[PDB]
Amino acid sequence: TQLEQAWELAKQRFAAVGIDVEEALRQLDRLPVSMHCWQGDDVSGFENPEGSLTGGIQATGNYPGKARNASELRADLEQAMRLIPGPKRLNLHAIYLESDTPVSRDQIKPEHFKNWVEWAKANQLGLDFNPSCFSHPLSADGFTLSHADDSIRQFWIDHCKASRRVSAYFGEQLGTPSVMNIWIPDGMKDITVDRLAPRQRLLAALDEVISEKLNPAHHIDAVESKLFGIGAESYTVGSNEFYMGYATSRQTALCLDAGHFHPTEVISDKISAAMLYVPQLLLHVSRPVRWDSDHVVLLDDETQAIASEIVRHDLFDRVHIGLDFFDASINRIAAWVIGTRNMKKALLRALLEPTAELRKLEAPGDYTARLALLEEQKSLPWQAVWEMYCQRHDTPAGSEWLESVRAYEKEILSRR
């Protein structure tokens, strides 16, 4: 009732401002968030779980309950999924393959993802994918695709090519393209003499990695740039410009990770620029805290700004919204929960924006009104709309979800 009242009051309020709450909700239903699987087990995977996170990335904290196998992960995702309203997808890492016998990265197969697929099918989730170019013996020098050693490079070329097939298979089965993100950690710790050659090797390898033409309705290739990593602070082969060059020149999607840029730099600004040269965008929405730290997405400035950028431009299809974080210092199910929910709260908010009006004031140089309107948006009752969205998806509206998380912990997590 309370929700209902609150909701009805809000319907009016916004109605008065040319804002349709019901259309907003419906629109929110068209914006699936691809939840990254790796937040479930600290990016450990099933190749070699107990094994060491490498690649300039680090999961911090020692919170208990990480999932230890596929079975647990899915149980975890599910618990998470039932507290997050609306559309979601699952973003899988090659290292999350399910096999009886070990599989050389350069030999993976669709079959090794069969259980995921099936589960996706039963959970009504699309699947996204990623070759795993880190935490590997051959990723030990700090180079994979750009590595000078031909064999090494080949092996990474081979892994990604195969990964494309797994992806293609995902969409074939699921009926939704699987976006396949290519992120390599390649780079240097200190003053480099040759940033050139390594960029060149990368270029050619990427080239080779994409050679195989696959059906766009099943699969999409994306590239992710990064500024620096722990242990590779000085130079990243695959820089922003490198990939911009690449995505543009080869027409692949471009992945923009919110924690991968310079201080003060924001990907929300990059969206509109990039969409004029690259077919599609993949966004790894992350919260960086002074480094690509991978903290949990908040309902904050940048998250909201990203959201607006998407929504304002009706990028329902060319933008694949993903999450990218891995906080190991809190309950991971909650992490996913909070992050996911925030992303959606940010999208809804953007969807409740009287954008045409504002676009309008703006085009007219009425910057006073622009500012004023945007700021007043913040005090409109959008919470009421969020809470109803939750309820229509039979998801807790408020803090109560924590209880569910606290109960699953008790019964399941505490015994791992």
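Counting begins at 1, following the sequence as shown.
Remark: stretch with higher mean C-alpha B factor among 212-220 and 244-252 is 212-220. Higher mean CA B-factor, judged across 266-274 and 105-113 from the recorded values: 105-113. Remark: of 309, 194, 292, 78, 292 shows the highest value [criterion: C-alpha B-factor in the PDB entry]. Which of 86, 339, 175, 131 has the largest Cα B-factor in the deposited entry comes down to 175. Among all modelled residues in this chain, the alpha-carbon of residue 354 has a temperature factor (C-alpha) in the middle third.
For residue 378, the recorded CA temperature factor ranks within the middle third of the chain's modelled residues. Among the modelled residues of its chain, residue 302 has a C-alpha B-factor that falls in the lowest third according to the deposited record. Placement of the Cα temperature factor of residue 46 within the chain: highest third of the modelled residues, per the deposited record. Sorting the modelled residues of the chain by their CA temperature factor places residue 279 in the lowest third.
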